[PDB]
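> The structure under discussion is supplied below as structure tokens; questions concerning it will follow.
Ideal geometry is used to build each Cβ from the backbone, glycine not excepted, and the neighbour counts take in all protein chains shown. Nothing in this text is a laboratory measurement; each read-out follows from the coordinates by a stated rule.
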2 protein chains.
Amino acid sequence: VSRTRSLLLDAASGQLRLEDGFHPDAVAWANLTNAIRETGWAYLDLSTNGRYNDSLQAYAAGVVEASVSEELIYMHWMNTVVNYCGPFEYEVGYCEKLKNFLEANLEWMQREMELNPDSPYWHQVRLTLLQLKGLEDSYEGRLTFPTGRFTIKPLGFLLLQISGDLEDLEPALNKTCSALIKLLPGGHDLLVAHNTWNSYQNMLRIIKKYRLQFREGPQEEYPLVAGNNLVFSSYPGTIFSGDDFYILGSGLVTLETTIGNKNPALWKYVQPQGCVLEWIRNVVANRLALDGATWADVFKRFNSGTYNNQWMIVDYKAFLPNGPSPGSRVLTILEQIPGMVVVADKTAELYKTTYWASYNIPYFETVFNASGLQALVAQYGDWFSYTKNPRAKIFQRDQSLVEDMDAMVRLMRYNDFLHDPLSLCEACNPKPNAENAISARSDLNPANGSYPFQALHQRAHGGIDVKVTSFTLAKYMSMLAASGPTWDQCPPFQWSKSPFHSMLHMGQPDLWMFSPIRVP
Amino acid sequence: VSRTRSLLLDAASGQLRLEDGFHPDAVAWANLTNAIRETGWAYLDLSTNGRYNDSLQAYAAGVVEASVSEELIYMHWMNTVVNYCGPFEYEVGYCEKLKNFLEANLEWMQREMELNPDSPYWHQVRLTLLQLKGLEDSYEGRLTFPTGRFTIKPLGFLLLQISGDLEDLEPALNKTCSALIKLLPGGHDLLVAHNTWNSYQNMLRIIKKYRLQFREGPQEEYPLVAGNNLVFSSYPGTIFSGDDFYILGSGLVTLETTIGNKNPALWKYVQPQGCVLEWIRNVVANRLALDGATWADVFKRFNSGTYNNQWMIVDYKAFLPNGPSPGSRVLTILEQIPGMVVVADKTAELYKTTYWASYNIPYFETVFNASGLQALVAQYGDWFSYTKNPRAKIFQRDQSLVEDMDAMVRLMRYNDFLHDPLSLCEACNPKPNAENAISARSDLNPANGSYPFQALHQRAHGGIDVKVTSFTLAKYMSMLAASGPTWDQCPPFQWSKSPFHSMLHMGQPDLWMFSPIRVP
Ligand SMILES: *[C@@H]1O[C@H](CO)[C@@H](O[C@@H]2O[C@H](CO)[C@@H](O)[C@H](O)[C@H]2NC(C)=O)[C@H](O)[C@H]1NC(C)=O
Ligand SMILES: *[C@@H]1O[C@H](CO)[C@@H](O[C@@H]2O[C@H](CO)[C@@H](O)[C@H](O)[C@H]2NC(C)=O)[C@H](O)[C@H]1NC(C)=O
Ligand SMILES: *[C@@H]1O[C@H](CO)[C@@H](O)[C@H](O)[C@H]1NC(C)=O
Ligand SMILES: *[C@@H]1O[C@H](CO)[C@@H](O)[C@H](O)[C@H]1NC(C)=O
Ligand SMILES: *[C@@H]1O[C@H](CO)[C@@H](O)[C@H](O)[C@H]1NC(C)=O
Ligand SMILES: *[C@@H]1O[C@H](CO)[C@@H](O)[C@H](O)[C@H]1NC(C)=O
Ligand SMILES: *[C@@H]1O[C@H](CO)[C@@H](O)[C@H](O)[C@H]1NC(C)=O
Ligand SMILES: *[C@@H]1O[C@H](CO)[C@@H](O)[C@H](O)[C@H]1NC(C)=O
Ligand code: NA
Ligand code: NA
Ligand SMILES: [Xe]
Ligand SMILES: [Xe]
């Protein structure tokens, strides 16, 4: 149930070695409590020692993480990526192109680091990759700390980091989530919630708390980064959120929903050189940012045009409980497609409407238009429209009923597709559709149903969690979290009693009926 | 449940293509009926067309086999070999040595074929490897017939063929079954039974019937091989038995139990050049043999010292029902260790004692002594002795009670370890041990038991089937077959109600309570 490990540097050796238990003298230590049977979550607590340089800390952080979560990593790999571009892959094809792309990209980053040893930016990127290298090395049982260049394998643990990036890399290489930010009445509080939609096979979950001692640049005279403390929802072997939902010790909450790209003329902006993958840009921005504007400035450098998201950056340092609109700084919105990033401060809009909802469609009209959504509105109607899609419509009618944390959870878990008129798809047979909800349950659509596009089909996919925080909760690096598909008004998901009983789901509860829990 | 495919050659193309259904004009066709839910067996029926050359036939036979069993192959790979020398393997080490060994061996065979285009022997080896190449190509969805040299990947579908060979290759590269042949009273019949002991994760089973049109040598003027028709117990993706148990259309039944090698001074005889892996030697001998003597002559060429077995070759053509001992030809015994193969005709001995039992210990004293079993007898006693081990003792007391086919099944499924004095291990606590039986049930030994060596421990391993044939049944290419661990006097094995519920067993029944069936 619980496991603690520390990575020590033996100065006389000078070899890195793992020891069981807590050793404050170590480079890093981690502690995992698996409570998946009881709550649907595991919990990871990890620390690095600032008496060592931040490069050794990063490597050690990956090492001790892998060390306490080996079984979970094994099962997650088996559930999610074991067949991806495997030995027997038919598309031979796409896989060689993918592997060439990733090797060129990894090699491009290694070259930039060696050409720029004094760059704060490339220092942050190197820390991130050292952590990835530590994680893989540890899992394989053989530790080797690199002082210069190192090789990340394209299809090893990197594959756990790039699942979001692969959504765009697949079409670019020619292969054949709900969020709500709610200002409570009288400005009493500011609530921030996110509900990740994913495949049911991905539901091995870890909430991770990192306490690092990284510096902004490659010399010890640089200040400690603003984002050394963070809590985020995550997965085994994944050294960032993926959801995404982070509470940062710099006073920021960062979260996104995915927008993607439907314009094939934009794929030419996805290149192996001059592009840093989204997961790294996300990690680097989270570390360096003091505020929304700085987060956006850092994140949009070397835009890969992969894992194209709408990001919301909430800066709780600019929020005064009971206060009037400060005019700026509270909410920053960023949208990314290939070749284009649009950023705006949306504080005034948040104070005006009292909320900001996000649901997989870009808010910025230039981004909406550039990514090909007009043609989809024209072909299929309001489902692709920003203001008139079902989720937008449910948020419009129900957001004001969120008056507290539990009400937020209720809306974020909302799915009553059999009875809600906003869940009716006129082109579909049957008309009610379980996709048309705050928390989707695609498993509940009939397999012989008639649907106009793929998103509406029966699938082992839907809302798989909710995380909620507030001004006071974020201050204590804390959230409410519920794991599993929604069961408030829908029958609980159960693997053995579903059309998907045969899918691998190692380590996962059969029945998903968990209630929200306080983390920590 | 049932699927039929044919591989056609379009002469105008001239491309190989798969079509559904039966097309007698095709190069090959196959037909799989999965009855695993009902009986514990699937059934494969495969034919090749003799109007094409035997090289194209062999390739096509692998193609159509993979074609009708893709799902089963996928599940078997996942259950058995998915983690073997994988991307994240710790023993880095052994795996590089294994891969170098197999590549050198495969390359050595390719060179011998190109240096010996007129050799019948190397023609038979090439047919076998073409079948392996067809099977892998088909599964990967891209067919390419080689007219000269070709590359087999070391860790692809080859891994499904060499699990027996790996038992000896592992220790040789420094990595850190019951049978009864029974003469019925008055010589009325001759019964031949085999009960394979294996890991429970291997219990995806296919009984395979091949009807080939191969010739002895590379020119059409050569006669058709003696063993073009065969029925054998097998596994998905495995182009030979593995058990082993074969009924050959040449009048022979071939079966083995594994002896292994415990003498490390003999590993130097396991070399990549000058050694053909046991699975190929087994297939080639089965094809070419007319009698026991010829089978042994062919099989012992290029002895790899891997998958070291005691082979029994029963020649039903030499058996006269009700007749006296013919003095020779009925039973041939062969034993293989690295650097040594001993062969003897054991007809007179069979007629004298009325039976031949086999149980993982060499009969030949020179082989018993050379493979290091004397030191194990001296350290642990009768368990390693040929005449005084538990199975030898049960056969000695009970073999005469086999008076018919059902009685044979009963003895071959025999395990009453809680009550049988012959199942008591004096060095063990508790004393009765579920390994000490005709059909082992290691799952039933207590996990906290005290045992003197590994074989006696709790393990997900034991007797997993029984096949029985007779003079009349073999003539009609037929057998009795029962799938699963024994449940005659032991509680039925059930995955969900065992200490091994977490092990992957995709596609397998949860509960194993199947009775014998007539095949076909
Ligand atoms: C950070 O600290 C580590 C550990 O002290 C340094 O690594 C050593 O570097 C020297 C010379 O480059 C090597 O000979 C040692 O083998 C290294 N030790 C280990 C444990 O690998 C490292 O140089 C420091 N700085 C950076 C940027 O990594
Ligand atoms: C057996 O038959 C096959 C099919 O007719 C022969 O293969 C052809 O060989 C020629 C010349 O070597 C190639 O150009 C064709 O492309 C082959 N056809 C196919 C379908 O691949 C083959 O040569 C014959 N003999 C052997 C030993 O394979
Ligand atoms: C993918 O295919 C398109 C053809 O529509 C081509 O223009 C493009 O260069 C290809 N890109 C890659 C990287 O394969
Ligand atoms: C986007 O496209 C729509 C439909 O063609 C058009 O009416 C609108 O002006 C465009 N908006 C912007 C800002 O480009
Ligand atoms: C599939 O739809 C049909 C109507 O076409 C319906 O009668 C049936 O209940 C559905 N199948 C199942 C298994 O429920
Ligand atoms: C394995 O190790 C032994 C040392 O006992 C050595 O003599 C032998 O050559 C090694 N063989 C291989 C192939 O690794
Ligand atoms: C085998 O070894 C035993 C025990 O050392 C010995 O007594 C016996 O003579 C040997 N048998 C043969 C044929 O080598
Ligand atoms: C393990 O053995 C002990 C005796 O040491 C026994 O009491 C116990 O029943 C065994 N464990 C289980 C789970 O049965
Ligand atoms: Na997302
Ligand atoms: Na065997
Ligand atoms: Xe990238
Ligand atoms: Xe070999």
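> Within the range B:360-367, can one find any residue that is within 16 Å of ligand 7 (Cβ to nearest atom), of a type in the set (A, V, I, L, M), assigned to a strand (DSSP E or B) and more than 14 Å from chain A (Cβ to nearest Cβ)? Reasoning before the result, please.
Of all residues in the range B:360-367, those within 16 Å of ligand 7 (Cβ to nearest atom) come to B:361-367.
Remaining after also requiring of a type in the set (A, V, I, L, M): B:361, B:367.
From the residues that got through so far, the ones that are assigned to a strand (DSSP E or B) too are none.
No, there is no match, as no residue in the range B:360-367 is within 16 Å of ligand 7 (Cβ to nearest atom), of a type in the set (A, V, I, L, M), assigned to a strand (DSSP E or B) and more than 14 Å from chain A (Cβ to nearest Cβ).
> Let me ask something else. Among the listed residues A:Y269, A:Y235, identify the single one that is more than 16 Å from ligand 3 (Cβ to nearest atom) and surrounded by 18 or more Cβ atoms within 10 Å (Cβ to Cβ).
A:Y235
> A follow-up question, please. Residue check, A:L102 against (1) assigned to a loop (DSSP other than H, G, I, E, B); (2) surrounded by 15 or more Cβ atoms within 10 Å (Cβ to Cβ); (3) more than 11 Å from chain B (Cβ to nearest Cβ), all met but one. Which one?
Among (1) assigned to a loop (DSSP other than H, G, I, E, B); (2) surrounded by 15 or more Cβ atoms within 10 Å (Cβ to Cβ); (3) more than 11 Å from chain B (Cβ to nearest Cβ), the lone unmet condition for A:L102 is (1).
> Now, a different point. Name the strands (runs of 3 or more DSSP E) wholly inside the range B:456-520 in which the number of residues that are more than 30 Å from B:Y380 (Cβ to Cβ) is 2 or more.
It comes to B:465-469, B:479-483, B:517-519.
> Could you tell me whether the range A:19-29 includes any residue that is under 27 Å from A:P146 (Cβ atoms) and out of contact with any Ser or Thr (no Cβ under 9 Å at 6 or more places or on another chain)?
Among the residues of the range A:19-29, not one is under 27 Å from A:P146 (Cβ atoms) and out of contact with any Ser or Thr (no Cβ under 9 Å at 6 or more places or on another chain), which makes the answer no.
> Quick check on the range A:292-300. Is at least one of its residues in contact with a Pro (Cβ under 8 Å, 6 or more places away or on another chain) and either more than 16 Å from ligand 4 (Cβ to nearest atom) or within 25 Å of A:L184 (Cβ to Cβ) (or both)?
No, the conditions are met nowhere in the range A:292-300.
> Just for strands (runs of 3 or more DSSP E) wholly inside the range A:9-74: which have at least 3 residues that are more than 27 Å from the chain's Cα centre (by Cα) and away from ligand 7 (no atom under 16 Å from the Cβ)?
A:16-20
> On to the next question. When you scan the range A:118-175 for helices (runs of 4 or more DSSP H) that lie fully inside it, which ones turn up with 1 or more residues that are within 14 Å of chain B (Cβ to nearest Cβ) and surrounded by fewer than 23 Cβ atoms within 10 Å (Cβ to Cβ)?
Qualifying helices (runs of 4 or more DSSP H): A:120-140, A:158-161.
> Okay, next question. Only residues that are farther than 17 Å from B:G381 by Cβ and surrounded by fewer than 17 Cβ atoms within 10 Å (Cβ to Cβ): list them for the range B:421-438, please.
Residue satisfying the conditions is B:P430 alone.
> Which of the residues belonging to the range B:105-117 are part of a helix (DSSP H, G or I) and either of a type outside the set (A, V, I, L, M) or within 16 Å of ligand 8 (Cβ to nearest atom) (or both)?
Selection gives B:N105, B:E107, B:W108, B:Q110, B:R111, B:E112, B:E114.
> Looking only at the range B:176-192, how many residues end up being in a strand (DSSP E or B) and either closer than 18 Å to B:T306 by Cα or among the polar types (S, T, N, Q) (or both)?
Here the count works out to 1.
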